[PDB]
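Residue numbers (the working numbering), protein chains in the order written: chain A, 332 to 381; chain R, 79 to 144.
Structure (structure tokens):
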């Protein structure tokens, strides 16, 4: 805000960009009923994955 | 008695009063000359002042928002 008469307005592109990305990140990772689901390559140890 | 004018610019008063002095008694050519010179002396002063005022290159107007 260099001068009172300079009309010290400020842009918030940074704020909009972060919120736009966040609107999707939580919508993908923290949107489902759970977070992760372990899966095994065989069944006889899949009793541990669940 | 005195005034700054005489410290600085008396010839002015001289000519300008010669004007009315050369009107009391009819010598009009002298009048024209006195008067022109008075005016040309004078405008110098106002121009001096104008060139003195607003020195230092100010911007046309600092636009204040507030």
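Backbone N, C-alpha and C define an ideal beta-carbon position, used for all residues, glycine too.
Distance from the CA atom of residue 368 of chain A to the CA atom of residue 344 of chain A, rounded to whole angstroms, is 37 Å. Close to chain A, meaning a Cβ-Cβ distance shorter than 8 Å, are the following residues of the stretch 107 to 140 of chain R: 140. For residue 337 of chain A, the neighbours in chain R by C-beta distance under 7 Å run, in chain order, 143. Contact between residue 123 of chain R and residue 87 of chain R holds, since their C-beta atoms are separated by about 7 Å, short of 8 Å.
Note on geometry: alpha-carbon atoms of residue 136 of chain R and residue 126 of chain R lie some 18 Å from one another. The C-beta of residue 132 of chain R has fewer than 16 other C-beta atoms within 10 Å across all chains shown, which makes the residue exposed.
If you check the CB distance, residue 336 of chain A and residue 140 of chain R come in under 8 Å. Counting other Cβ atoms within 10 Å of its Cβ, residue 134 of chain R stays below 16 and is therefore classed as exposed.
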